[PDB]
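Scope of the values below: all heavy atoms of this structure, side chains included, with no hydrogens, waters or symmetry mates. Just so we're on the same page: letters track the sequence lines, and every chain starts at 1.
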Amino acid sequence: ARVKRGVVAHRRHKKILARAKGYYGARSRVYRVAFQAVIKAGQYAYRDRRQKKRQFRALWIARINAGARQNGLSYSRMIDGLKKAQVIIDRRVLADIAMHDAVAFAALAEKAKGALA
Amino acid sequence: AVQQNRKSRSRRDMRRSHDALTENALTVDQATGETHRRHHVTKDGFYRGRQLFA
Amino acid sequence: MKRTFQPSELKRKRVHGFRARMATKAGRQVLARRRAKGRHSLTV
Amino acid sequence: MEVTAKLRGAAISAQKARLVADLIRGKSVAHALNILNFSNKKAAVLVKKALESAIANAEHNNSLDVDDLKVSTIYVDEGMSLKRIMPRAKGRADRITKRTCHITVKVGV
Amino acid sequence: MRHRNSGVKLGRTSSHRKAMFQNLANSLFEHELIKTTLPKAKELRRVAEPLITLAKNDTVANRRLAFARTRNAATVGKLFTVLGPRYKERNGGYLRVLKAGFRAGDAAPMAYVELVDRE
RNA sequence: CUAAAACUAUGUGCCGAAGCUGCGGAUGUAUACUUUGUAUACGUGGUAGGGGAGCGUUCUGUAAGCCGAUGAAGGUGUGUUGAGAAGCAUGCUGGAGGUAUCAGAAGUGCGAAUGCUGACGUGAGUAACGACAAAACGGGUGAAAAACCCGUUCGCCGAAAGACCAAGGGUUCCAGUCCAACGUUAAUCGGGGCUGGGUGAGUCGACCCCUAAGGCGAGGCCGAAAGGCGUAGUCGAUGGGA
RNA sequence: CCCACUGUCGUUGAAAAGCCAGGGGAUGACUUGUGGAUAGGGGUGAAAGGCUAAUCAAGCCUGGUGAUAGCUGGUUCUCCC
RNA sequence: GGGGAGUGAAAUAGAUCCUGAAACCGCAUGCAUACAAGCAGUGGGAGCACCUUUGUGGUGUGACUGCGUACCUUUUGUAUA
RNA sequence: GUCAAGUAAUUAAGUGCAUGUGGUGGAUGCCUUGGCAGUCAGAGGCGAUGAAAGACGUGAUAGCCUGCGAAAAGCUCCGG
Ligand SMILES: [Mg+2]
Ligand SMILES: [Mg+2]
Ligand SMILES: [Mg+2]
Ligand SMILES: [Mg+2]
Ligand SMILES: [Mg+2]
Ligand SMILES: [Mg+2]
Ligand SMILES: [Mg+2]
Ligand SMILES: [Mg+2]
Ligand SMILES: [Mg+2]
Ligand SMILES: [Mg+2]
Ligand SMILES: [Mg+2]
Ligand SMILES: [Mg+2]
Ligand SMILES: [Mg+2]
Ligand SMILES: [Mg+2]
Ligand SMILES: [Mg+2]
Ligand SMILES: [Mg+2]
Ligand SMILES: [Mg+2]
Ligand SMILES: [Mg+2]
Ligand SMILES: [Mg+2]
Ligand SMILES: [Mg+2]
Ligand SMILES: [Mg+2]
Ligand SMILES: [Mg+2]
Ligand SMILES: [Mg+2]
Ligand SMILES: [Mg+2]
Ligand SMILES: [Mg+2]
Ligand SMILES: [Mg+2]
Ligand SMILES: [Mg+2]
Ligand SMILES: [Mg+2]
Ligand SMILES: [Mg+2]
Ligand SMILES: [Mg+2]
Ligand SMILES: [Mg+2]
Ligand SMILES: [Mg+2]
Ligand SMILES: [Mg+2]
Ligand SMILES: [Mg+2]
Ligand SMILES: [Mg+2]
Ligand SMILES: [Mg+2]
Ligand SMILES: [Mg+2]
Ligand SMILES: [Mg+2]
Ligand SMILES: [Mg+2]
Ligand SMILES: [Mg+2]
C-alpha cells in the first residue's frame with residue numbers, strides 16, 4: 001500500500017498560500033516564508049483582540065475629556081460626579097454623545113456638576 | 001565579494017529602471033522621399049541632393 | 001605537464017588484453033565476472 | 001480585432017528582446033518599422049520579422065489596411081533553454097544557459 | 001588628461017597606425033571613394049590632404065617626399081599627374097566625409113570618404 | 001520643568017493588566033438526576049514526558065452494488081459548514097474513471113537532516129571572450145560580410161609558427177551541398193551536418209628468418225589446494241638478416 | 001636538452017603548479033626513446049616518510065558492511081487532560 | 001517560426017504532441033506610491049475604482065495611525081553578530 | 001481685476017498588491033508495455049560430433065536489431 005503524498009500536500013500548501021494573499025514578495029508566493037507570515041499574523045491578531053479594547057477605551061476617554069473641558073470640568077471630576085449622581089452611562093456611549101450631541105452632553109455635565117457640589 | 005541576501009525582484013527592476021533605449025533621429029529626405037538617419041547618407045547613396053555610385 | 005596516461009597499444013594489450021587475462025586464474029575470474037555483468041567489451 | 005504573429009524559439013534572451021519590445025509598444029506600424037529599421041540591436045531584426053509577419057497576416061487573412069494598424073500588443077516570453085558545459089580553471093566546470101524567447105505581436109485598427 | 005592634444009590611437013601602436021593610414025591613403029587615391037570607420041575617416045584628412053598639397057608642385061624632391069610618405073609609385077604618379085593638377089586652385093578641402101550608418105558585424109559607425117571633384 | 005513637571009507630609013478623585021466583575025460560547029472532573037440530558041460546584045499557561053479522543057491518504061471486503069460522456073479522477077476559482085485536522089456545494093478546465101457505510105491492513109501526513117533528484121531564480125546582462133605577430137581597402141557571393149573567396153597593400157615566423165617520420169588518433173583527407181546545433185561574436189566559412197570520392201609496392205615499413213632483457217615452459221623439483229621455480233624448448237625488438 | 005634559485009604576474013588561472021625576466025648543469029654519479037622487472041606492512045628510495053596512475057605514517061577496487069559511534073544533526077496531521 | 005485554409009469529437013490534441021501544478025518570467029486593468037526610517041504584519045481607518053443595491057452590501061486597494069526584533073535547533077539564557 | 005495670506009487637485013522613471021491572460025517547467029491524476037514475491041508441476045545441465053561468450057559477414061535497397069552462416073532474414077522432408 002504505497003501512498004503518494006501529492007494531492008494532500010498540495011492541498012495544504014494551497015490553503016496556507018491562500019491565507020497569505022496580499023503580503024509582500026516571497027511572503028505571498030513562497031510556502032516556507034508564507035507559512036511563518038501566516039502563523040505570525042495569527043499571533044498578532046490574538047494579541048490585538050486584547051489591545052483593541054484598551055485602544056478604544058482610551059479614545060472614548062480622550063473625547064469625554066475634551067467634552068468635559070468644554071463644560072468647565074475634567075474627565076476625573078466629571079466621572080466622579082456622574083458616579084456620585086448614580087448615573088451609569090459607560091464611556092462608549094458618553095463619547096458617542098459628546099461627539100454627536102453637545103446639548104445632551106452639557107446636560108450630563110450639569111448632573112455631574114450638581115453632584116460634585 | 002558576494003551578496004549576503006538574495007536581491008528582491010523589486011530592487012532588480014528598480015535598477016533596470018534606467019535601461020530603456022531611445023529612438024534615433026530620422027528625417028524624410030525630400031530629393032527621394034526616403035527616410036534616413038539624420039546627417040547620414042541613405043542606403044541608395046544619396047545625401048543632400050548629391051549622389052554616390054551612379 | 002606530462003600526464004599519467006601516455007598511450008601505447010602494445011603495452012595495453014600485454015597488460016590488460018584478453019590473452020593476458022586468460023593466462024591466470026584471477027584474470028579468468030575477471031572474465032567470468034564481466035560476462036556475468038553482461039559487459040559488451042570483455043577487455044581493452 | 002487584433003491580428004497575431006508569434007516568433008517562437010528566437011535565439012536571444014528575453015531580457016534583451018524586451019528592451020526593443022518596450023520601444024514600439026503602442027505605436028503606428030509605420031513608425032515601428034522605421035524605429036526597427038534604423039536600430040543597431042540584434043533584437044530589432046527579430047522583432048521586425050515578427051511585426052511584418054503580423055502586418056502581412058492582417059492584410060491577407062483579415063483584409064485590414066495597413067495605414068491605420070497599430071502595435072496594440074507586444075510581449076516577449078522565455079523559451080526552452082539550451083544547457084552547455086564551460087570548463088573553468090582548476091578542473092571546475094560551469095553551466096551555461098543559451099536562452100531563447102518567444103515574441104508575440106498583435107496589431108490592431 | 002588630454003588637454004589640447006591632437007592625434008588618434010585607435011588601439012594600435014604608432015608603427016601600425018602610421019602603416020594603416022599609409023594604406024588607407026593609397027587606397028583612397030586609387031579608388032577616390034572608400035568606406036571606413038568614421039574616426040578613421042576623420043583622421044585620414046590630416047594624412048591624405050597634405051599629400052595633395054605636396055603634389056600641387058612637381059619637383060623631383062616633392063615626388064621623393066611623396067614616395068617617402070606613401071611608398072607606392074603608382075600613388076605618386078597619380079598624385080602628381082591627376083590629383084595635383086585637379087586641385088590646383090582649391091584651397092584645402094579635397095576630401096569629403098559622409099556618415100554612412102553602421103557595420104553589421106560590429107555596429108561600428110561608418111563613413112564614406114570621397115574626393116571632391118571626382119567622377 | 002523652579003510658589004515645579006523636584007522633594008517631604010496629608011487628602012480627594014481618576015487612569016491603569018490577558019487580575020476581578022458583566023454578558024455570550026466551549027470543554028475536563030465530580031456530584032445529583034433523566035437514566036446520558038440538564039443542572040451545581042470546582043477547573044481548563046505549559047517544555048521533557050505520561051494519558052485520552054479524532055481527521056485525512058493508498059489498498060482489501062461490503063461492491064456483478066452505488067455515482068459517471070447529461071462529464072470521473074486530477075487542476076483552477078468561488079461560496080459555505082465545523083473547535084481542529086477537515087468537509088460540502090458549485091463555475092471553468094479536464095476527458096475516464098470514482099466510491100458511500102462499516103470493518104481490515106499500512107511504503108499513512110515533511111520546512112529544516114551543510115537531506116536526495118529535477119526545474120528555476122539572485123549575483124547580472126555583470127566579469128570574461130584564452131598569448132599585446134596587425135591590419136587596410138576594392139570586387140564577389142549572399143537575407144545578412146570586420147572574420148569567407150578573389151585582388152592590392154601591410155605585418156609576423158623562418159633551428160620553427162616551415163618540412164618529414166615514429167607513437168597516438170581514426171576519415172579529421174578531397175569535392176558538391178546546408179547553417180539549426182557545435183565554433184567563447186557573425187559566418188555565406190569549417191577539423192560542424194548530408195551526399196559522393198580517395199590510400200595502387202619484389203625494392204618503403206610490417207609480416208617473415210635470428211636472437212637480448214624478460215616471459216611461458218613437456219618432463220622435473222617444490223608446495224594444504226590454488227600454485228612457485230625451472231630443463232629441453234618456444235616466444236619476445238628497442239638490435240642483426242636481399 | 002635536462003632542471004628549478006630569485007622576483008613580478010596569475011590565484012572562480014591560458015594552466016588542479018604556468019608564463020615572463022633573470023638562474024643552474026650542460027662528456028657525465030648526464031639526458032632520453034622503445035621493451036621488460038620489482039605490488040601494499042609490500043615494492044623502490046644519493047633518505048624528503050619521498051614515490052608507487054592529479055590518491056600515500058600503509059594504494060585502489062570489490063566484499064565482510066547497513067562495521068561501531070555514551071557524539072553532532074533530523075524526526076512529517078489535529079484537539080483535550 | 002507563424003497566420004489562415006483543411007482533418008478531427010477536440011489542434012492552448014500539431015509531433016518539445018493526455019492532463020499541464022509550483023517556483024520563476026511577461027503583458028493588461030484598478031488602486032497605492034517620489035518629506036520618508038526597521039521581521040513588512042496586525043488592530044483601526046479616510047479616500048478611490050468596480051459590482052450591485054436603494055445595503056449598517058460585496059470585491060480590489062490602503063493615505064494616516066497604536067502595537068510589533070523571522071523560523072528551527074541547542075541552551076541557564078538567542079532578534080542574536 | 002490686481003496683490004497678499006492660507007489651502008486642495010494634478011506627475012510614475014519605476015515599484016507593490018489584486019485580478020485577468022500568457023510563457024516556462026513537468027508535478028499531479030489516469031494508464032502500462034516492465035518489474036517484485038510466490039503456489040502447483042517439471043527440469044536441473046551445455047562441451048573435442050567443438051560449448052558459454054563473442055567477432056565478421058549475410059538483404060532488390062538496407063544503419064541498427066532479430067534470424068541465419070559462403071547453402072548465410074535462409075535449403076530438404078514430414079505434419080499443421
Ligand atoms: Mg512587474
Ligand atoms: Mg586640439
Ligand atoms: Mg581594444
Ligand atoms: Mg619599431
Ligand atoms: Mg482589561
Ligand atoms: Mg481571567
Ligand atoms: Mg459564561
Ligand atoms: Mg487559567
Ligand atoms: Mg493545558
Ligand atoms: Mg513516509
Ligand atoms: Mg532541504
Ligand atoms: Mg556588453
Ligand atoms: Mg556588480
Ligand atoms: Mg565593471
Ligand atoms: Mg570587461
Ligand atoms: Mg583570440
Ligand atoms: Mg577539409
Ligand atoms: Mg553562431
Ligand atoms: Mg566536415
Ligand atoms: Mg616458469
Ligand atoms: Mg609440468
Ligand atoms: Mg624466435
Ligand atoms: Mg626492430
Ligand atoms: Mg626560464
Ligand atoms: Mg656551463
Ligand atoms: Mg597496505
Ligand atoms: Mg614478500
Ligand atoms: Mg621528519
Ligand atoms: Mg593500517
Ligand atoms: Mg549508517
Ligand atoms: Mg485545453
Ligand atoms: Mg499538452
Ligand atoms: Mg508624498
Ligand atoms: Mg553553545
Ligand atoms: Mg553557552
Ligand atoms: Mg530576547
Ligand atoms: Mg542567525
Ligand atoms: Mg544580520
Ligand atoms: Mg514605464
Ligand atoms: Mg506522471
When you look at CZ of E:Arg118, are more than 12 heavy atoms from neighbouring residues, nucleotides or ligands closer to it than 6.0 Å? yes

Ignoring backbone atoms, test whether A:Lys14 places a side-chain nitrogen or oxygen under 4.0 Å from the OP1 or OP2 oxygen of F:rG77. yes

Quick one: is the NZ or CZ of A:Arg50 closer than 6.0 Å to the six-membered ring centre of A:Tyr46, and within 45° of its axis? yes

Establish, with yes or no, whether the OP1 or OP2 oxygen of F:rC120 is under 4.0 angstrom from a side-chain nitrogen or oxygen of D:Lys83. yes

Going by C1'-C2'-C3'-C4' alone, is I:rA12 a north or a south sugar? south

Within less than 4.0 Å of OP1 or OP2 of F:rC15, is there a side-chain N or O belonging to A:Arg91? yes

Tell whether A:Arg29 reaches the base of H:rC24 with its side chain through a donor-acceptor pair below 3.5 angstrom. no

Could you tell me whether the phosphate oxygens of I:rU24, OP1 or OP2, come under 4.0 Å of any side-chain nitrogen or oxygen in D:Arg8? yes

Tell me whether the side-chain N/O atoms of B:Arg15 come closer than 4.0 Å to OP1 or OP2 in F:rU126. no

Does F:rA167 have its OP1 or OP2 closer than 4.0 Å to a side-chain nitrogen or oxygen of C:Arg12? no

If F:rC88 has a Watson-Crick or G-U wobble mate with both distances under 3.5 Å, name it; if not, just say none. F:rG79

Can you check whether D:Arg84 has a side-chain N or O nearer than 4.0 Å to OP1 or OP2 of F:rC182? yes

Between the base of H:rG4 and the side chain of D:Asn62, is one N or O donor paired with an acceptor at under 3.5 angstrom? no

Are G:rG7 and G:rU6 stacked, with six-ring centres under 5.5 Å and planes under 30°? yes

Any side-chain N or O of A:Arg5 under 4.0 Å from OP1/OP2 of F:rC110? yes

Given F:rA86, is OP1 or OP2 found less than 4.0 Å from the side-chain N or O atoms of A:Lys15? yes

According to a strict under-4.0 Å criterion, is A:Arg11 in side-chain N/O contact with OP1 or OP2 of F:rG109? no

So does D:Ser53 reach the base of H:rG1 with its side chain, donor to acceptor, closer than 3.5 Å? yes

Under a 3.5 Å limit on both distances, do F:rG91 and F:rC55 form a Watson-Crick or G-U wobble pair? no

If you look at every strand shown and take non-hydrogen atoms under 4.0 Å, does D:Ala21 touch a base, only sugar-phosphate, or nothing? nothing

Would you say the base of H:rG3 and the side-chain of D:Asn61 have a donor-acceptor pair closer than 3.5 Å? yes

Quick one: is A:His10 getting a side-chain N or O under 4.0 Å of the I:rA27 phosphate, OP1 or OP2? no

If you find the nucleotide of RNA chain I closest to C:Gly38 and the one closest to D:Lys6, which residue's nucleotide is nearer the 5' end? D:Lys6

For I:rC17, which nucleotide in any strand shown is its Watson-Crick or wobble partner with both distances under 3.5 Å? H:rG30

F:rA226 phosphate, OP1 or OP2, under 4.0 Å from C:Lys25 side-chain N/O: no

Does A:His13 put a side-chain nitrogen or oxygen below 4.0 Å from OP1 or OP2 of F:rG111? yes

Does the base of H:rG43 carry an N or O that pairs as donor and acceptor with the side chain of A:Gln55 under 3.5 Å? yes

